[PDB]
Amino acid sequence: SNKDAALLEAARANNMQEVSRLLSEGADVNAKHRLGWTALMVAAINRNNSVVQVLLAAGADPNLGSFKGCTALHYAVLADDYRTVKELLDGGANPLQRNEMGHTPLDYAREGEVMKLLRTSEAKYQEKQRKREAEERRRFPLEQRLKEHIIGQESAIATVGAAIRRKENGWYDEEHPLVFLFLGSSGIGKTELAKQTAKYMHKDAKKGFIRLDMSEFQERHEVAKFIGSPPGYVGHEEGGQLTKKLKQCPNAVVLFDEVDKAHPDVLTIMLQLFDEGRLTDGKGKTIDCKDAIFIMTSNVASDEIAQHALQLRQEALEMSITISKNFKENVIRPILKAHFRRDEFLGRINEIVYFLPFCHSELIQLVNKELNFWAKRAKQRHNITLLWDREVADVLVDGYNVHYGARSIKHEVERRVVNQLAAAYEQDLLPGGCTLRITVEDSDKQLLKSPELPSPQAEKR
Amino acid sequence: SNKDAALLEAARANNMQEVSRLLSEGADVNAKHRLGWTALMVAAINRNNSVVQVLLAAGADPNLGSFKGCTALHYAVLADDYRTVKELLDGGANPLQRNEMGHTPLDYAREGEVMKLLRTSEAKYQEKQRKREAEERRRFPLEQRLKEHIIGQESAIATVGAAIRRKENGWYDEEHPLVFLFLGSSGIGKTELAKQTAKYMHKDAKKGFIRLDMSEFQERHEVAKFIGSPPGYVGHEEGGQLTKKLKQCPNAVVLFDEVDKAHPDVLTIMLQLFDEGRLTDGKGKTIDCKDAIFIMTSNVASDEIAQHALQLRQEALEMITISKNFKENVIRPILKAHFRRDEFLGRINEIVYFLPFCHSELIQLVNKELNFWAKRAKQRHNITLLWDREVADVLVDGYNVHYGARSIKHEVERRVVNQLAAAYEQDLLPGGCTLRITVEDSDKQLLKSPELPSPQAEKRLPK
Amino acid sequence: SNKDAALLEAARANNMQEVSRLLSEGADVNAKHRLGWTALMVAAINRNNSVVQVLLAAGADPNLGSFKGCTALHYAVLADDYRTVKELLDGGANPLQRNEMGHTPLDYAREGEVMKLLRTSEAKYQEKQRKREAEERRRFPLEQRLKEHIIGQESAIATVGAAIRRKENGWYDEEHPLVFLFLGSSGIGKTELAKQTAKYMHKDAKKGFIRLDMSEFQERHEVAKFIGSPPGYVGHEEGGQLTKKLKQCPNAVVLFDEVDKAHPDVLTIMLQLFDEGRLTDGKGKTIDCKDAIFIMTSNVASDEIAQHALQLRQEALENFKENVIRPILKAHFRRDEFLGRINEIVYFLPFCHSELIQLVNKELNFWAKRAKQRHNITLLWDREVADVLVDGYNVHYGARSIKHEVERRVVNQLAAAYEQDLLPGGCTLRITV
Ligand SMILES: Nc1ncnc2c1ncn2[C@@H]1O[C@H](COP(=O)(O)OP(=O)(O)OP(O)(O)=S)[C@@H](O)[C@H]1O
Ligand SMILES: Nc1ncnc2c1ncn2[C@@H]1O[C@H](COP(=O)(O)OP(=O)(O)OP(O)(O)=S)[C@@H](O)[C@H]1O
Ligand SMILES: [Mg+2]
Ligand SMILES: [Mg+2]
């Protein structure tokens with residue numbers, strides 16, 4: 001309490017030393033005096049440009065509120081201090097924010113540099129969105145980014161990108177949120193594609209990617225987690241995780257991993273959310289999520305999809321490829337109808353994305369990706385150069401298992417190669433060119449920059 | 001708040017007695033003065049070695065952040081007091097600790113005792129790192145540690161040791177936990193190996209080893225134990241149990257003993273845990289246990305594994321523990337069809353197979369049990385216990401394959417320890433008690449006194 | 001209570017300043033004195049015309065209920081002040097509302113302008129009622145009403161209209177609930193006809209519509225949703241899905257979206273819906289369904305119409321009513337109870353080429369106008385594009401197939417062109433395939 005009053009007085013008195021010391025020592029930057037003025041506003045009204053600058057550096061809010069409701073920008077423009085107004089605008093001050101009396105800083109601003117600064121800030125705010133729109137669609141389509149992380153699944157990537165672009169440009173039913181369903185065998189990038197899409201939509205914003213694993217919603221009462229308990233009940237003050245996260249980021253990508261595990265009541269709530277487009281928490285607040293993107297992953301028809309894709313590959317080899325026809329989708333549909341038992345739920349789904357089991361070339365690409373990851377990790381951590389040959393890739397892919405997808409290749413690479421590297425690391429490995437070779441059927445290693453097979457550090461003795 | 005001010009004033013005055021009294025009363029050891037100095041900081045700047053000693057004894061933190069963001073070590077070094085700097089370093093102060101401006105205590109030190117002491121502490125940190133690395137280079141007994149407690153199962157030991165070594169030396173993806181599944185007959189060391197691995201990884205730390213008896217999760221709704229109840233239901237405030245335990249020790253060894261007893265819908269929750277090591281409790285908090293180790297024990301393919309091992313050993317007897325495609329053709333359809341989904345098995349890094357003991361391994365088990373009992377007798381009653389090879393043969397004759405080492409354990413308890421406990425009624429004294437086979441070869445065995453020429457008496461129960 | 005007392009005293013004394021201050025401070029405009037009279041009532045009896053005006057502007061209700069139970073209109077009329085009565089009526093006061101003693105304001109009114117004003121308000125109410133009746137009469141022919149927003153299904157529309165007229169005109173068993181079973185494939189206007197029927201019959205917004213998916217109703221969900229989990233059961237969702245909405249609109253149009261997927265228990269409880277209705281709610285309330293409209297639907301009989309196409313081809317286009325009496329339905333749904341009580345069965349026919357192309361055209365028109373930069377919309381070859389689209393004929397699950405055809409062959413192309421910045425304005429279509 002004393003520190004806050006001292007900071008307020010220092011801001012009023014334009015005391016650079018006191019303000020800096022209090023801010024560095026943990027004093028609340030936005031401490032509010034009983035008269036309604038914080039350090040930033042008292043600094044702005046008194047033309048304390050240095051105090052305003054230091055407060056902004058510490059995290060002061062220039063948009064935080066007769067001058068009732070006047071923010072720091074309002075007082076800075078009132079004081080006719082162009083430097084203070086510019087500094088506050090640099091901190092995110094809104095030149096059109098209205099105080100309790102409805103007066104914006106522009107209205108309080110006197111003709112001169114203050115008005116120009118406010119107009120420039122408003123123009124920058126307006127044109128930032130245009131710049132983002134121009135940059136997003138150019139030189140970096142979603143498909144381009146996805147192809148970096150995902151191997152194969154070209155049709156799925158194209159479908160997702162086309163749908164996303166349609167939503168972005170408005171050539172779509174903007175009255176309803178965009179909904180996807182991902183199907184296929186295991187270990188083929190459903191969750192991976194969803195995560196990459198979320199990252200691309202929201203860059204690095206964690207709040208932009210709401211992750212829900214439906215395996216926790218196998219019971220009827222689990223729906224409470226979406227919206228929280230009703231008033232007066234245990235934990236009602238937390239109105240569900242989903243509602244809070246959505247209101248934090250309306251256009252967040254929502255992933256319901258393994259949706260098939262969810263209890264039917266949960267699916268009913270999901271369908272209500274999709275059709276309505278907004279959800280009401282347990283506190284009576286309703287949150288609009290029309291622009292949100294919902295992605296669902298499951299393996300309900302995985303076996304049918306996989307065996308049909310393998311049959312189509314074999315049929316194409318009789319011509320010597322895999323484009324699954326809509327009739328196979330009609331054949332699959334009854335399975336989905338039986339599992340979900342909600343014909344409206346399936347109909348509400350905007351897109352069904354099918355992932356195919358990998359072909360041999362895609363397995364080779366997967367093995368190469370894993371080896372590259374391990375090689376770069378070794379180079380970074382221990383300055384070890386790792387090399388391999390096509391034969392090594394063939395040998396590793398020989399361990400592939402269709403029922404597990406990329407996970408099988410990952411585990412095979414780890415056990416066959418990485419185990420040897422770890423065993424030899426403590427004593428033999430050093431910076432240089434370590435190359436993997438095949439003797440007859442097993443993977444062997446070569447000495448750094450020399451064709452000498454390292455002696456394995458036989459455990460025990 | 002007056003207690004904090006009094007403690008700060010006492011510390012700045014080099015008053016050990018007042019500082020101790022304030023600390024005992026309940027004054028915060030890390031109380032911060034309005035000028036940024038804490039009690040330890042003001043003690044250090046004034047060369048108050050006794051004050052620093054008493055503050056550290058109460059739990060003072062010398063690494064807490066122009067003197068902006070400085071540390072008690074910085075102030076002690078600035079005053080150039082060897083004793084105060086030494087005490088602060090002994091209390092956890094780091095000469096590599098950096099203040100707001102980035103200055104380290106080494107920088108503040110002037111040539112003399114303080115500079116040498118700070119260099120010594122920096123070398124202590126660096127050599128701690130290097131010596132941990134050197135030990136890890138030497139730390140290759142995990143196979144030895146296991147073989148101390150486990151007999152046979154060489155393939156399982158090798159697999160687990162290789163995976164653990166890989167994880168320990170880096171060389172492992174941090175985006176996915178490490179998962180094992182242990183398969184085989186009953187009483188062959190699955191749970192034993194899991195417990196030994198947990199002990200090795202976390203020494204004696206109880207929080208480091210998390211145990212779950214999946215036989216208690218035979219119902220779909222029982223999954224709530226992992227994550228707790230949702231908001232508005234009994235026990236919601238408590239939250240998940242497994243989530244709490246994982247929060248305590250993120251890198252703990254998790255053991256789902258007898259997992260095939262669980263309802264498949266309960267196993268369903270393990271998909272995320274095994275893939276990304278993330279679980280969200282009933283309150284919506286993720287635990288992010290990426291670097292934990294998950295071990296599952298089950299006997300689903302017990303009969304197939306045992307039969308295949310017996311057949312392989314019979315074949316090898318013509319003139320050892322390898323199965324290449326037998327796993328995929330035979331074991332996999334069992335595991336998948338009767339209990340699991342494909343995606344669940346896809347997340348398991350390694351499947352470990354335990355095979356039934358060979359005859360020599362049975363002899364080793366019998367010797368292990370006899371050694372355990374002899375150790376107990378010597379340690380407690382100062383009784384030395386001896387036996388012969390024929391004793392081991394007779395004991396192993398009672399071995400039962402369906403029960404594994406438990407059969408031998410019970411046999412030893414039944415046919416030997418019962419006689420030892422009955423002889424312990426004043427017929428056992430601290431001498432070389434010897435166990436021998438009677439004239440009836442492979443039929444009976446008796447105890448002999450400290451002096452071997454005398455057999456132990458009838459135990460005279462029907463008094 | 002202090003604010004209410006102050007407002008009441010100010011209204012009684014005609015203190016405009018005090019009334020305004022109390023209203024601006026949040027005092028209840030409809031504050032009720034312990035003796036039964038409110039601020040508006042006392043202002044009215046005292047001829048405080050300005051106080052009544054300001055109270056009404058603040059939201060005062062002049063219909064709030066020996067003068068016990070008298071409304072503000074009653075008190076203004078008793079005071080014989082024309083201005084106060086006019087102001088109260090302007091706010092919605094009813095000149096015929098009775099107090100607890102059964103005395104209307106007209107009875108309290110004395111000869112003068114008050115009589116004329118109260119009778120004018122009564123005439124306004126009567127004219128409103130007559131206007132609603134005339135609008136409902138003009139709603140006929142309901143066949144045209146439905147055809148305004150539906151394509152095809154003329155037979156079903158005519159049947160529904162005739163049944164509605166018969167029930168309205170007393171030529172039906174009005175004592176018994178009214179129930180249709182709708183038969184055919186999915187997505188052929190069943191839900192569209194039910195929704196249009198609800199929109200037209202009920203005044204607006206389909207407030208009286210009630211549609212449910214009987215596929216989610218099972219032994220574990222029958223009472224918890226259909227009747228709604230009553231008190232003392234696992235869950236407290238009384239009403240659940242059906243009777244929670246029937247509490248407001250007893251004459252609801254109620255759609256059950258697949259009886260092939262309905263549970264035997266729910267199909268049995270649905271037996272209450274017939275005879276007299278009065279279906280038990282989770283709260284225990286029962287609704288007389290003799291006036292309600294139930295629309296069961298199924299696809300189990302979807303073949304009976306599609307396989308023939310005679311009911312469509314031979315219905316005066318260029319078969320017979322109940323060509324086979326309940327062919328599959330009796331064996332499946334126990335005609336003795338469930339279908340024996342159904343008053344009528346409505347067939348739904350596969351969409352014709354003309355109907356399909358009309359749907360395509362309407363969807364394309366929507367998309368054209370849906371365009372934000374409509375200047376770029378030319379719709380050149382729209383008829384030909386529709387001809388191409390209908391090639392993917394709806395023979396699978398309903399008009400949603402045609403909607404997906406339109407989305408695939410049109411929307412994607414336009415989005416791609418927009419992304420390629422090839423749409424400045426005056427843009428034609430493209431004939432693919
Ligand atoms: N198409 C892919 N390209 C590159 N890596 C992939 C691909 N698919 C999977 N992976 C990797 O292998 C791992 C497998 O996990 P997922 O892709 O998310 O499983 P899935 O394909 O969705 O099938 P389920 O859900 O287990 S039945 C991922 O974490 C990826 O790192
Ligand atoms: N040296 C050893 N080698 C193998 N097993 C041992 C050894 N020493 C002790 N055990 C026994 O191993 C048993 C635990 O192993 P488990 O394989 O989990 O048996 P289990 O619990 O019956 O297995 P299942 O899965 O339930 S069939 C305990 O009875 C231990 O006493
Ligand atoms: Mg996944
Ligand atoms: Mg066990």
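The deposited coordinates for this entry were obtained by cryo-EM, with a reported resolution of 2.9 Å.

1. Brief notes about the UniProt feature "binding site: ATP" in chain A
Residue and element names in this part refer to chain A. Look at the UniProt record and you will see "binding site: ATP" annotated at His149, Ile151, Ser186, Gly187, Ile188, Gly189, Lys190, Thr191, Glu258, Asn299, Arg348 and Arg407. Along the chain, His149 falls in helix α9 (residues 142-149). The contacts of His149, once residues within four sequence positions are left out, are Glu192, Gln196 and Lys369. Of note, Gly189 is situated in the loop between β1 (178-183) and α11 (190-202).

2. Focus on the sheet that holds strand β7 (residues 351-354) of chain A
All names here are of chain A. Here 5 strands make up an open sheet; going across it, the order is β2-β3-β6-β1-β7 and the pairing parallel. Pairing within the sheet leaves two strands with one partner each, and these edge strands are β2 (209-213) and β7. Shown here is a sheet whose adjacent strand axes are inclined to one another by a mean of 20 degrees, direction ignored. Inspection of the sheet shows strand β3 (residues 253-257) paired to strand β6 (residues 293-297) by 4 bridges, in the parallel sense. Paired with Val254 across the bridge in β6 is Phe294.

3. A few points about the side chain of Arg416 of chain A
Residue and element names in this part refer to chain A. As for its position among the elements, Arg416 is in helix α20 (residues 406-425). A distance of 3.5 Å separates the side chain of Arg416 from the side chain of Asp442, its partner in a polar contact. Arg416 has contacts with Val395, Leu396, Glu441, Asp442 and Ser443, leaving out every residue within four places of it along the chain.

4. With respect to the arrangement of the chains
With 2 pairs of chains in contact overall, the greatest share of contacts is found between chains A and B. Looking at chain B next to chain C, you find no contact at all, with the nearest C-alpha pair sitting 12 Å apart.

5. What to know about the UniProt feature "repeat: ANK" in chain C
UniProt marks residues 2-31, 35-64, 68-98 and 101-130 of chain C with the feature "repeat: ANK", using the numbering shown here. For residues 68-98 of chain C, helix accounts for 55% and strand for 0%, while the C-alpha atoms at its two ends are 11 Å apart.

6. Here we look at the pattern of salt bridges
Residues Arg437 of chain A and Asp389 of chain A are paired through a salt bridge, measuring 4.0 Å at the closest nitrogen-oxygen approach. Of the two residues, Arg437 of chain A sits in strand β9 (residues 432-438) while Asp389 of chain A sits in the loop between β8 (384-387) and α19 (390-397), which places them 48 residues apart along the sequence. Here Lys403 of chain C and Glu407 of chain C are joined by a salt bridge, their closest N and O atoms 2.2 Å apart. Within this pair, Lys403 of chain C and its partner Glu407 of chain C are both found in helix α20 (residues 400-419), separated by 4 residues, close to a single helical turn. It is possible to trace a salt-bridge network through shared partners that takes in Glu192, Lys195, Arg211, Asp213 and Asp257 of chain A together with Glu276 and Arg278 of chain B.

7. So, the environment of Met296 of chain C
Residues and elements named next belong to chain C. Structurally, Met296 is set in strand β6 (residues 293-298). Considering only alpha carbons, one finds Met296 and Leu255, 41 residues apart in sequence, at a separation of 5.9 Å. When residues no more than four places from it in sequence are discounted, the contact partners of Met296 are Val179, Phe180, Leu181, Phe182, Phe256, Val259, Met270, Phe274, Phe338 and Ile342.

8. A short note on the interface of chain C and chain A
Contacts between chain C and chain A engage 26 residues on the former and 21 residues on the latter. For the side of chain C that touches chain A, the secondary structure elements donating two or more residues are α18 (353-370) and α20 of chain C. Broken down by element, the side of chain C that touches chain A gets its largest block of residues, 8 residues, from α20 of chain C. A per-class count over the side of chain C that touches chain A returns 7 nonpolar, 7 polar and 12 charged.

9. Observations regarding the packing of helix α9 (residues 142-149) of chain B against helix α11 (residues 190-202) of chain B
A pair of packed helices is captured by two measures, namely the crossing angle of their axes and the spacing between those axes. Residues and elements named next belong to chain B. Two numbers describe how α9 lies on α11: the axes approach to 10 Å, and their chain directions differ by 135 degrees. Taken together, α9 and α11 sit at an angle that is classed as oblique. In the packing of α9 onto α11, the handedness of the crossing is right-handed. Side by side, α9 and α11 meet where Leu142, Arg145, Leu146 and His149 of the first sit next to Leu193, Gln196, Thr197 and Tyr200 of the second.

10. Concerning the domain arrangement of chain C
All names here are of chain C. Per the domain assignment, the segments making up chain C are domain 1 (130-350) and domain 2 (351-433). At the junction of the two partners, domain 1 supplies 11 residues and domain 2 supplies 10 residues. Of the residues belonging to the side of domain 1 that touches domain 2, the class tally is 5 nonpolar, 5 polar and 1 charged.

11. Brief notes about the interface of chain A and chain B
Interfaces are often sized by the accessible area lost when the parts come together. Contact with chain A, which involves 51 residues of that partner, is made by 46 residues of chain B. Elements represented by at least two residues in the side of chain A that touches chain B include exactly α11, β2, α12 (224-227), α18 (360-382) and α20 of chain A. Looking at the side of chain A that touches chain B, the element that brings in the most residues is α20 of chain A, giving 11 residues. Along the lines of polarity and charge, the residues of the side of chain A that touches chain B split into 14 nonpolar, 16 polar and 21 charged.

12. Describing the UniProt feature "repeat: ANK" in chain A
All names here are of chain A. Per the UniProt entry, the sites bearing "repeat: ANK" are residues 2-31, 35-64, 68-98 and 101-130 in this numbering. Along residues 35-64, the helical share is 57% and the strand share 0%, with 14 Å between the first and last C-alpha atoms. Split by type, residues 101-130 is 73% helix and 0% strand. Its first and last C-alpha atoms lie 32 Å apart.

Reading the values: rules and limits
Residues numbered from 1 in each chain as written, not as in the entry; some residues may be left out. Chains lettered and ligands numbered in written order. Part of a larger assembly, values for the part shown. Heavy atoms only, no water. Residues with missing side-chain atoms left out of burial classes, pairs and counts. UniProt positions renumbered as here; feature names shortened; annotations may be inferred. Helix = DSSP H or I, 4+ residues; strand = E, 2+ residues; numbered from the N terminus. Contact = heavy atoms within 4.5 Å. Pairing = 2+ DSSP bridges. Axes fitted to C-alpha atoms, helices over the stretch in contact; angles between N-to-C directions. Polar contact = N/O pair within 3.5 Å; in protein donor to acceptor, adjacent residues only side chain to side chain. Salt bridge = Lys/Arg side-chain N within 4 Å of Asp/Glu carboxyl O. Nonpolar A, V, L, I, M, F, W, Y, C, P; charged D, E, K, R; others polar. Parallel < 35°, antiparallel > 145°, perpendicular 65-115°, else oblique. Left-handed = near helix turned anticlockwise from the far one by under 90°. Domains from an automatic or database assignment.

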